[PDB]
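Visitor: Experimental structure below, sequence on top.
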Amino acid sequence: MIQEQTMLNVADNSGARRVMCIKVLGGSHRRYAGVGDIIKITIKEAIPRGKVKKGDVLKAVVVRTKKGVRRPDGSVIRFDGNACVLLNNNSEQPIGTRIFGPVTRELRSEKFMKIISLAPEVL
Amino acid sequence: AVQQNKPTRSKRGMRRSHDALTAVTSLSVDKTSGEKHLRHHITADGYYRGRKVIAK
Amino acid sequence: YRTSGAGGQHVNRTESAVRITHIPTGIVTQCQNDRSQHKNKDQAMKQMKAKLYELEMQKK
Amino acid sequence: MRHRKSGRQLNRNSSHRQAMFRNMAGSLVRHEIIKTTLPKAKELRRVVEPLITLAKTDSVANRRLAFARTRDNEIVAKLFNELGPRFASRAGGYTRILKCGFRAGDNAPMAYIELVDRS
RNA sequence: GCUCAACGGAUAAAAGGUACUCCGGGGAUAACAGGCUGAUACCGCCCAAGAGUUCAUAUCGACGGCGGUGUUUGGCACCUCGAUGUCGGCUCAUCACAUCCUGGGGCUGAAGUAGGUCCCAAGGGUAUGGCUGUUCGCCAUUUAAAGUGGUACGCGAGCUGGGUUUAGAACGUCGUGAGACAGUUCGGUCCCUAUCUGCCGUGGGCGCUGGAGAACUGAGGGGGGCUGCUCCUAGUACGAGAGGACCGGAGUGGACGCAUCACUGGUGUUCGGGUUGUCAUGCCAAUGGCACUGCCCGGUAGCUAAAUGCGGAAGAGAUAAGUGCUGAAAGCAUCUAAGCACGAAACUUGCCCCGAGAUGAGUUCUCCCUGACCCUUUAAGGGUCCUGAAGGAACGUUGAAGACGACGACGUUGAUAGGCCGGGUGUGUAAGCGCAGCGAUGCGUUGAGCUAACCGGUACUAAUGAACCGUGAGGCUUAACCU
RNA sequence: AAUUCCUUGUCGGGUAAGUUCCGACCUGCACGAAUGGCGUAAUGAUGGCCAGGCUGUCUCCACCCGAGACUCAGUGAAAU
RNA sequence: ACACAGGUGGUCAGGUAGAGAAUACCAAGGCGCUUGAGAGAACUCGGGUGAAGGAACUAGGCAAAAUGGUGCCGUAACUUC
RNA sequence: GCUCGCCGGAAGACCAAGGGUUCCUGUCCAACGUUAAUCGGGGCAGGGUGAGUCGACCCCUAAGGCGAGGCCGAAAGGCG
RNA sequence: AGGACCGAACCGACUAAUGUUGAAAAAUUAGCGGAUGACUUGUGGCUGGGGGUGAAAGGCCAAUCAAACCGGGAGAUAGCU
Ligand SMILES: [Mg+2]
Ligand SMILES: [Mg+2]
C-alpha cells in the first residue's frame, strides 16, 4: 500500500538510491498498490556514475513493503524497508542485474520470472 | 432562528398535548404493617416484604 | 473568460477576456484592452492577423 | 454505543471515581448500612458487590488492596478479623438493596445498601 | 452702459477634495441576482461554388438563406434600495441531453487493426498533482472516460476568507494641492439557541364496528445497475507482409456499496508492569495520592479499517434507432398500408429493503365473555347491583436494544443482572521468606502473583403477595343457504 | 524592480511538472541620486522562496478521556 | 449596571527537588468556587493514542507534531572584527 | 465528626486606597441568594473600635495653588 | 561595560481556537515580545474644545472625537419620508 509522495529505496544495481512514487498505475482511480505492482516514479538520489540520473521518470515494480502482504494461512509478510526494482518504460523489464535483499512469492509471474531468478532470497 | 408569526394558543394546546403527567397505578400494600407503599420499595416505617428491614 | 481587473462585478462577472488560437499551428491570441469583448475579440482577431502575416515572414 | 461494556461514568472523571469509592466502601464496612443514591448503588453493584470480594480470606499479603484504594488500615483490621469469619460460607451476594425514596433537594433516587448478615 | 452666450438674466463678486465621513430621501436611478428581449452568442437546418485524382453531397464547404436555445456579450430599468451577502475553494448536491466512457446501429475515401461522421440511448461511470486568489489555462502523469450545461453563472441562519471592496503604509503615475489610479505591493472582526415549511429518524393518539394474540399477502415506494486486464477461441478471419480481430468462454483487478471482527492491526484513562520528583501511611520493608493517565511499556472485551466475505447479473416482456418477411394501393417495385419477425446498460420486470392510517384500513390462524335490573324523549338509549376473562399495561432485574420513547430477554417454577467458583486471557516470575554479595543487586520458591468488559457453572443477593387496565357473546339491511 | 501595461517578456537555475522565487537579458509602458542613489554585517512576533527533521495538515479517518447536548427534579430569559 | 473568569498599590517569604520569587509536591494556613441527580446518541468544546504514508493538504506546514538541561568536543559564509 | 480534593511568592497573613456595620451574639426565612436553605455580607434586635510613644492633626517644604499691595486689561479679569 | 544576552515578577499584545443574546460593552485558554531602561508604577500637580496633547494613526481628551460634554438661542431648518 504505497501512495504518492512516498520515498522508496532501490533494490537492484541500477544506480539510484532515493526514488519517489508520483503515480499508482494499473487501474482506474486506483488509489493504492502493494507488491507485484507497477508505479511511475522519479529518481531523487543516484550514484555519481550509474545507469540512471537524478530526475529520470520511469516505472518500477514494488518488492518490499513495510505495510504487509497476507497469505491464505493468515500469515502476513511485512518488511522494514520499502524498496522497489526499476523497470523500463516500454519493454517494462528490470534494468539492474544484482538483486539486493529478499523478496516474496507474490512477485513471480510470466512478466516477472526474470527477477526471482536473480533474487538472493525468495521466501 | 426565530418565528415570523405569532403562534396560535391552539397550537400551544397541541404542543402540550403529550406533555401531561402520569400518576401511579396501584400502591403496594404491606402485609405486616398493613400499609401502602411503593412497589419494590420499602414502607415509610422501615418494612419491606413484610419484615422490618431497617430499624429507623 | 474573465479578466482580473479591479471593479469586481463589472469585471469578474462578465466574459470581457478573449483568447483566439490557431487550429493547425496552435498560436493563441488574447486581448483585454477595453471593457467590451468585441473591443477585445475583434482586437485579438487583428493581433492574430498581425501574427499571421509574420508567419510567412519570420519563416522566409 | 457501549456494546458488551460495563461501567458508568457517573459524570465524573476516572480519578474521582477512584477516590469516591475509597470513602464510600470505606464507611459501609464501618456502619454496615448507609444511605446513598441508587445509581451510586447500581454502579456500586459493579463496585461494592466486588468490594466485598475484597473481603474474602486473610493472609499477610491480603492486607493490601484494602490499603490501596482505601488509604486505611483500621477497616482492614475489621474485614479479615471479624467479617471474613462472619461471611465464611456465603458464596457471593453479601449485600442487599433497599430503594428508600427520593432525595429532597434535587429529587435524586436514593437507596439503602447494607450487609446481608447485619444482625 | 451687459457673449447677463447656463442667452426670461439667483449675486457687483465665487474652485476643489473627502476610502475620516454624516443626514435627509429613492427601487422615481447604477452595479449581482430574477424579468422580458435574443442584437450578439451558441446550436442546427437550406442552397451547392468548389476541394476531395475523376467523384458537391465519404469527408468538407465559398457565396448566401432559414431556425432553435436561453447559454455569451448586450439592450431595457419592471421586482428589490426601512438591505435580496459576491470571487474562488470546501462540504454536499440535483437536473438537462445538445452523449465523454460503456450500449445499439447506418454510411464510409470502413482488409483487419484502427478510425470518420450520423442516428438511437441519460442506467451507471466520468483523475491526481506543479504553477497561479483562482476561474480559466498551461504542464506532468493517469484513466474506460477525465462530458457539456441548468440550478441566486446551485449551495456563507454550512465552513473558508486568498481575491475584490473601508480606514494604516509605500512605489509607479497624475494633480500646485488636499488627493486619485480597471496601476501595483504589506497589513487588515464572516453574528444568529429553528415557530413554520421541507428533510432524516423515532413515538403518542384514535381509527379500521366484540375483544386479544400472531403470522402474512403486497397496493405502493426505495435501493442497486461502473469497468479494466489476462487467457482461451487464435496468430485464427483478414492482409502481400506488417499487423490483427468478430462472436463465444474463463480468470483476475480497479472503483463503489453492504456485512463483518475469525484473521491483520489500531484503540483499549476500568488489566498489568517499568520509572522520575515529592507527600503521607510511627519507622524499615512495603504501598498510595498528586504530578497531561506523571512519564512509559504493553494488552482483554467492545468499537473499529488499512482486516475479509458478498454485491452489480443471468432471464423474461415490450421496444428505440435499425434490420427484415409477405404484400397491394402503384400488371412492376415496395419493411406497411392488412398481416409479420428481429432488435439496445433506456422501459417494465427479474435482485434486495420498506410496506394494510392500502380510510380501498384486506387476508388466513389461535384464545377470551353466555350476570342481574330501573329509567323515558323506546333506542346503535341512559342509569344501577354482580362480574373483571383472554390479555394488557404498570413495577423490578436487564440487553451485543437505545437521546427519550420504543424494541428484546427475565421476574423464584426463575439463570435476568450482580456476586461467587471454574476456565481462559493478558502485564510478565509478586509479596513475605530464605541465600549470596561491603553494597546496589542477584538467586531459591516462580508464567509466580495479579487479572476490566470475556467462556463454563452457581440462586449467593436483587428480581413481592397484590392491585390496575381491559368485561360480561357483540348494529342494520337484504341476500344466499340450513331448518 | 514594493516601479514593467504588454507580460506567465526571453534565457539560465530550481521541480516529474514552477502565472512563484533565485540569476542574467535592458525593450526603464512610467528608475535615478539627500520628497536621497547603490551596497551593507548585525537586527526583525518583517515580505517571498527552498530543504532537513517532524507529525491526523492530508490520504482516510478510527478509538477512548472529560465539558455540554439528551432524561428527571428546582428555577427560568431572549431578539422577533 | 450582577455574590461579574476582568482590573487594583504596599508589606510577608516554611520543606524537598531546584540556578531560582521557575516548576513540582507540600507545611503553616485557607478552601472544594450556589442548581443537582442521572443516562453514556449524533454533535461541537476540550483532551489522549494511532497501521502504512509523510505536506500530497491548503491562499499559505495555519495549528498541531517536533526541538529543548548541564558539561565537553566541534562549528561555515561573512563581518562594520 | 470522619476521610477525600485544591491552593500554598497564595485561593495564606497584612495595610494603604476605597467601602462605610458588611464585624460579634440573639432572632427570622416573605423578599433578597441564579435551586432548597434550618443558612447567609438577607430581615429584625442587641453588642462591639479605649493610645504621651501607632496614624492623623501638628512643625517643614516640592510640583504647584492663591495672593496684600503691584502691574496689566471694555467690565468680568490676567499676572505676580 | 552594554536602549547587551537567556528568562520570572512586571510590561506589552504577535498568532490560533474560543467566546459573539457573552464569565467579560475586547476577556480567557495556548503560545509570543520586552524585561536596566527611549524601563515600569504609586501619590499628587499642570495643559480645556477650533482648544489640549500627540516617537503622528485624524491618534487621544470620563465606554463618544474630522471638532468633547451640559445648558441656552431653539418649536434651528427640512422643495424630504
Ligand atoms: Mg408546549
Ligand atoms: Mg440538424
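Guide: Ah, there it is. Numbering: from 1, shown residues only, chains lettered A, B, ... in the order given. Ligands and ions are numbered 1, 2, ... in the order given.

Visitor: can you give me the helices in chain B?
Guide: Ranges of helices in chain B, per DSSP state H, are B:9-15.

Visitor: What residues does it have near RNA strand F?
Guide: Within chain B, the positions adjacent to RNA strand F are B:1-4 by CB under 7 Å from any atom of the strand. Yep, even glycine has a C-beta here, placed from its N, CA and C like the rest.

Visitor: quick one, helices of chain A?
Guide: Secondary structure of chain A, counting by DSSP H: helices at A:113-118.

Visitor: do the same with chain C
Guide: Using DSSP H, helices in chain C cover C:41-59.

Visitor: Point me to the residue of it nearest chain B.
Guide: residue C:9 (28.7 Å; CB to the nearest CB).

Visitor: mind checking how far the residue of chain A most remote from its centre is from chain B?
Guide: For chain A, the largest distance from the centre (CA atoms, centre = their mean) belongs to residue A:73, which lies 24.9 Å off. Residue A:73 is 56 Å from chain B, where distance means CB to the nearest CB, to the nearest Å.

Visitor: got it, and residue A:72?
Guide: Residue A:72 sits 57 Å away from chain B, going by CB to the nearest CB.

Visitor: Would you confirm that residue D:6 contacts residue D:46?
Guide: Yes. Counting by CB atoms under 8 Å, residue D:6 does reach residue D:46; the two are 6.4 Å apart.

Visitor: Pick out whichever of these two has more residues nearby.
Guide: Neighbours per residue (other CB atoms under 10 Å in any protein chain shown) separate residue D:6 from residue D:46, with residue D:46 holding more: 12 against 7.

Visitor: what about that one, distance to ligand 1?
Guide: For residue D:46, the distance to ligand 1 equals 39 Å [CB to the ion, to the nearest Å].

Visitor: Would you map the strands across chain D?
Guide: Taking DSSP state E as the test, the strands found in chain D are D:33-37, D:95-98, D:110-115.

Visitor: sorry, that was for chain B
Guide: Under DSSP E, chain B gives strands at B:28-29, B:36-37, B:47-48, B:51-52.

Visitor: how about TSV for these, with distance to residue D:39 and mean neighbour count added?
Guide: Output for these, formatted as TSV (distance: least, CB to CB, whole Å; neighbours: other CB atoms under 10 Å in any protein chain shown):
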stretch	distance to residue D:39	mean neighbour count
strand B:28-29	22	14
strand B:36-37	21	16
strand B:47-48	20	22
strand B:51-52	26	13
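
Visitor: What's the local residue count around residue C:9?
Guide: Counted with other CB under 10 Å, residue C:9 comes out at 7.
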